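Note: the block below is start09.cif and it holds mmCIF, C-alpha atoms.
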data_structure
loop_
_atom_site.label_atom_id
_atom_site.label_comp_id
_atom_site.auth_asym_id
_atom_site.auth_seq_id
_atom_site.Cartn_x
_atom_site.Cartn_y
_atom_site.Cartn_z
CA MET R 1 90.67 70.39 108.53
CA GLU R 2 92.91 70.49 105.45
CA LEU R 3 92.59 73.90 103.81
CA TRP R 4 94.56 75.33 100.91
CA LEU R 5 94.78 79.13 100.97
CA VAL R 6 95.84 80.82 97.75
CA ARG R 7 97.10 84.38 97.47
CA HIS R 8 95.73 85.84 94.23
CA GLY R 9 98.06 86.85 91.41
CA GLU R 10 99.73 90.25 91.47
CA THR R 11 98.05 93.54 90.58
CA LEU R 12 99.82 96.82 89.79
CA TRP R 13 99.78 97.88 93.44
CA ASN R 14 102.08 95.02 94.39
CA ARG R 15 105.01 96.56 92.55
CA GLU R 16 103.83 100.05 93.52
CA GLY R 17 103.67 99.17 97.21
CA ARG R 18 100.18 100.51 97.91
CA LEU R 19 97.72 99.16 100.48
CA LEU R 20 95.27 97.03 98.50
CA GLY R 21 92.06 96.08 100.28
CA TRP R 22 88.59 96.44 98.80
CA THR R 23 89.86 98.49 95.83
CA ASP R 24 88.82 96.14 93.04
CA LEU R 25 91.99 96.07 90.92
CA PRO R 26 92.45 93.56 88.07
CA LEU R 27 95.36 91.13 87.73
CA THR R 28 98.42 92.12 85.68
CA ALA R 29 99.53 89.96 82.74
CA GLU R 30 102.08 88.31 85.04
CA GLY R 31 99.37 87.98 87.68
CA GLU R 32 97.31 85.96 85.22
CA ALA R 33 100.39 83.89 84.40
CA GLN R 34 100.90 83.13 88.10
CA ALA R 35 97.27 82.02 88.23
CA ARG R 36 97.62 79.72 85.22
CA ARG R 37 100.66 78.07 86.79
CA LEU R 38 98.50 77.17 89.80
CA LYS R 39 96.32 74.97 87.63
CA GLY R 40 97.47 71.42 88.11
CA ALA R 41 99.40 72.36 91.25
CA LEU R 42 96.35 72.69 93.51
CA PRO R 43 94.29 69.74 94.80
CA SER R 44 90.96 68.96 93.18
CA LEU R 45 88.74 70.05 96.08
CA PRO R 46 85.61 72.19 96.49
CA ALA R 47 86.59 75.83 95.98
CA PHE R 48 85.67 79.10 97.68
CA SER R 49 86.81 82.59 96.74
CA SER R 50 86.83 86.23 97.70
CA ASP R 51 84.31 88.02 95.45
CA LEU R 52 86.87 90.66 94.43
CA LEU R 53 88.00 90.49 90.78
CA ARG R 54 91.65 89.60 91.37
CA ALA R 55 90.65 86.60 93.49
CA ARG R 56 87.82 85.33 91.23
CA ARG R 57 90.06 85.64 88.18
CA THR R 58 92.86 83.74 89.92
CA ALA R 59 90.43 80.95 90.76
CA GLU R 60 89.21 80.81 87.16
CA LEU R 61 92.64 80.67 85.53
CA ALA R 62 93.61 78.08 88.16
CA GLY R 63 90.78 75.93 86.81
CA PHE R 64 88.20 76.29 89.59
CA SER R 65 84.57 77.43 89.77
CA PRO R 66 84.40 78.70 93.39
CA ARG R 67 81.47 79.82 95.48
CA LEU R 68 81.90 83.53 96.24
CA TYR R 69 82.14 84.81 99.81
CA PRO R 70 82.90 88.43 100.83
CA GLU R 71 84.18 86.97 104.10
CA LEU R 72 87.33 85.91 102.22
CA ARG R 73 88.07 89.49 101.16
CA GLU R 74 91.27 91.26 102.15
CA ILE R 75 90.88 93.62 105.12
CA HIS R 76 89.07 96.89 104.31
CA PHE R 77 91.71 99.62 104.58
CA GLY R 78 89.05 102.34 104.44
CA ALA R 79 90.58 105.78 103.98
CA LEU R 80 93.96 104.04 103.77
CA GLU R 81 93.06 102.21 100.53
CA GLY R 82 95.74 103.00 97.96
CA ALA R 83 98.09 104.56 100.51
CA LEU R 84 101.79 104.01 99.87
CA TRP R 85 103.19 101.71 102.55
CA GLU R 86 106.33 103.85 102.48
CA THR R 87 104.54 107.01 103.63
CA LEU R 88 102.11 105.27 105.98
CA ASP R 89 101.90 106.83 109.46
CA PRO R 90 104.28 104.99 111.86
CA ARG R 91 101.35 104.06 114.10
CA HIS R 92 99.57 102.36 111.21
CA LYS R 93 102.83 100.80 110.00
CA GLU R 94 103.57 99.28 113.41
CA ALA R 95 99.99 98.13 113.97
CA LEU R 96 100.15 96.27 110.65
CA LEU R 97 103.66 94.89 111.22
CA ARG R 98 102.83 93.62 114.71
CA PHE R 99 99.35 92.73 113.42
CA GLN R 100 97.34 94.30 116.25
CA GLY R 101 95.50 97.46 117.26
CA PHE R 102 94.99 98.40 113.63
CA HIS R 103 91.94 100.54 112.97
CA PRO R 104 91.85 102.45 109.67
CA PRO R 105 89.34 105.32 109.43
CA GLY R 106 86.31 104.23 107.42
CA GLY R 107 87.63 100.68 107.29
CA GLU R 108 87.86 97.39 109.21
CA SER R 109 89.82 96.99 112.43
CA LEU R 110 92.23 94.04 112.47
CA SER R 111 90.07 92.47 115.21
CA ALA R 112 86.94 92.56 113.07
CA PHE R 113 88.94 91.27 110.10
CA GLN R 114 90.17 88.26 112.09
CA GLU R 115 86.71 87.53 113.48
CA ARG R 116 85.29 87.57 109.93
CA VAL R 117 88.03 85.33 108.54
CA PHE R 118 88.09 82.80 111.38
CA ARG R 119 84.32 82.54 111.52
CA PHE R 120 84.29 81.65 107.82
CA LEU R 121 87.01 79.01 108.26
CA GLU R 122 85.25 77.50 111.26
CA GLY R 123 82.17 77.04 109.09
CA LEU R 124 84.01 74.89 106.53
CA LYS R 125 82.98 71.24 107.12
CA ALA R 126 85.38 69.61 104.63
CA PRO R 127 88.74 70.10 102.87
CA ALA R 128 88.72 72.98 100.37
CA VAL R 129 90.77 75.41 98.31
CA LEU R 130 90.30 79.07 99.22
CA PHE R 131 91.24 81.79 96.74
CA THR R 132 91.90 84.78 98.92
CA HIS R 133 94.29 87.60 99.85
CA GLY R 134 97.66 88.25 101.47
CA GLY R 135 96.14 89.67 104.64
CA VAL R 136 93.86 86.63 105.01
CA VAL R 137 96.73 84.18 104.50
CA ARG R 138 98.80 86.22 106.94
CA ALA R 139 96.07 86.19 109.61
CA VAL R 140 95.86 82.41 109.31
CA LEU R 141 99.64 81.87 109.31
CA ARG R 142 100.15 84.18 112.30
CA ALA R 143 97.36 82.50 114.25
CA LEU R 144 99.25 79.25 113.67
CA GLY R 145 102.40 80.86 115.06
CA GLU R 146 104.22 81.48 111.76
CA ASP R 147 105.41 84.31 109.51
CA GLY R 148 102.45 85.13 107.30
CA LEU R 149 104.15 86.58 104.22
CA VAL R 150 103.66 84.63 100.97
CA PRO R 151 104.31 85.60 97.32
CA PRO R 152 101.44 86.64 95.02
CA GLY R 153 99.93 83.62 93.30
CA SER R 154 101.38 81.21 95.86
CA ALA R 155 99.56 78.86 98.22
CA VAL R 156 99.74 77.43 101.72
CA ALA R 157 98.07 74.26 102.98
CA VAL R 158 97.14 74.13 106.66
CA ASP R 159 95.44 71.70 109.01
CA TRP R 160 93.10 74.29 110.50
CA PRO R 161 93.26 75.25 113.34
CA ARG R 162 96.37 73.24 114.29
CA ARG R 163 99.35 73.69 111.90
CA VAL R 164 100.81 74.68 108.55
CA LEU R 165 101.34 71.71 106.21
CA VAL R 166 103.12 73.21 103.24
CA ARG R 167 103.91 76.47 101.46
CA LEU R 168 103.96 76.31 97.68
CA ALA R 169 105.57 78.94 95.47
CA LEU R 170 106.07 78.49 91.72
CA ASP R 171 108.51 80.36 89.47
#
Mind turning the file's structure into C-alpha cells?
Amino acid sequence: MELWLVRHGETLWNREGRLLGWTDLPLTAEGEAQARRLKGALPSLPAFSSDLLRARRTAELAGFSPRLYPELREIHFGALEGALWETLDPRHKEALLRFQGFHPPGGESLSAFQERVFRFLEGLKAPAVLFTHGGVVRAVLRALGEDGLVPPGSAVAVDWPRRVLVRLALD
C-alpha cells in the first residue's frame, strides 16, 4: 500500500535537542515555511494526521484537511518529555538508538508505540498521506530495514509493509 509519511515542520526543541513527544509545541516560523514548501510536492491523496498541533498545522499549510488520529502521535516520552538528549541516561540513550527495550517512566514503551503505529497503518485500505512525527517515520523505516532519520518537514513514500519508495527533502 502506497503511503506517504511526513515529518512535521520544526519546533524550538529541534534546535534545542530536547525529547519531544506529547508536549504540544507549535511550529517555528521556519517550521511553517517547511510546511508551505510541502504544498504541491505531496500527492493529492486522502490525508490523516497526528492530532498534535505541530502535525495538524503542517498538514494545513501543506494544503490538506486530514482526519485526526492520536495513533499517529509521536511516542509518549512520559517523565522524559523535554529532557535534553545530551544528558539522557545512557540506558535510555542506547534503548532509543538501538530502538528497543525503551520504557520511559509515565510514558509509552517502544513496543506499545510500534503496536499502535503498525495497527493504524494496517487499517489503511488505500493510498494516503500521513502527517506525523520523526519517531513514527523512524519506526516505519526501521521496520523496512532502513535508517529512520529524516529532516523536519520532509517526507518518505513507502509501499507498506514491503519497501521504501522515495525520501523527499526540500531546501
I'd like to see the residues matched by the PyMOL selection byres ((chain R and resi 119-136) around 9) on this file, and ideally I'd get them as an NGL selection string. :R and (1-8 or 21 or 42-52 or 54-56 or 58-59 or 66 or 69 or 71-75 or 113-118 or 137-141 or 148-152 or 155 or 157 or 160-161)
Starting from the shown file, work through the PyMOL selection byres ((chain R and resi 170) around 12) and note down what comes out as a tab-separated table (two decimals) with C-alpha atoms, keeping the file's coordinate frame.
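New file result_31.tsv:
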chain	number	residue	atom	x	y	z
R	9	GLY	CA	98.06	86.85	91.41
R	33	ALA	CA	100.39	83.89	84.40
R	34	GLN	CA	100.90	83.13	88.10
R	35	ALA	CA	97.27	82.02	88.23
R	36	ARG	CA	97.62	79.72	85.22
R	37	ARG	CA	100.66	78.07	86.79
R	38	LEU	CA	98.50	77.17	89.80
R	39	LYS	CA	96.32	74.97	87.63
R	40	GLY	CA	97.47	71.42	88.11
R	41	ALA	CA	99.40	72.36	91.25
R	42	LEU	CA	96.35	72.69	93.51
R	150	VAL	CA	103.66	84.63	100.97
R	151	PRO	CA	104.31	85.60	97.32
R	152	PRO	CA	101.44	86.64	95.02
R	153	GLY	CA	99.93	83.62	93.30
R	154	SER	CA	101.38	81.21	95.86
R	155	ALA	CA	99.56	78.86	98.22
R	156	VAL	CA	99.74	77.43	101.72
R	167	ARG	CA	103.91	76.47	101.46
R	168	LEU	CA	103.96	76.31	97.68
R	169	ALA	CA	105.57	78.94	95.47
R	171	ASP	CA	108.51	80.36	89.47
Which one of R:67, R:112, R:82, R:142 sits closest to residue R:14 if you count only C-alpha atoms? R:82
I'd like the contact shell of stretch 100-103 of chain R - 12 Å cut-off, all atoms listed in the file, skipping same-chain residues fewer than 5 positions apart - returned as a ChimeraX atom specification. /R:75-80,89-95,108-114,139,142-143
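Atom CA of residue R:105 is found 20.0 Å from atom CA of residue R:70.
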Separation of atom CA of residue R:88 and atom CA of residue R:26, in Å?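 These atoms are spaced 23.5 Å apart.
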Using all atoms listed in the file, can you tell me which of R:104, R:98, R:83, R:146 comes closest to residue R:16? R:83
Please, what distance in Å, to one decimal, runs between atom CA of residue R:11 and atom CA of residue R:31? 6.4 Å
Taking all atoms listed in the file into account, which of R:81, R:87, R:29, R:163 comes nearest residue R:61?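 Of R:81, R:87, R:29, R:163, the one nearest residue R:61 is R:29, counting all atoms listed in the file.
For the set R:65, R:53, R:60, R:85, the residue with the smallest atom-to-atom gap to residue R:15 is R:85, counting all atoms listed in the file.
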Residue nearest residue R:107 - candidates R:84, R:23, R:13, R:18, atoms counted: only C-alpha atoms: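 Going through R:84, R:23, R:13, R:18 one by one, the smallest distance to residue R:107 is for R:23.
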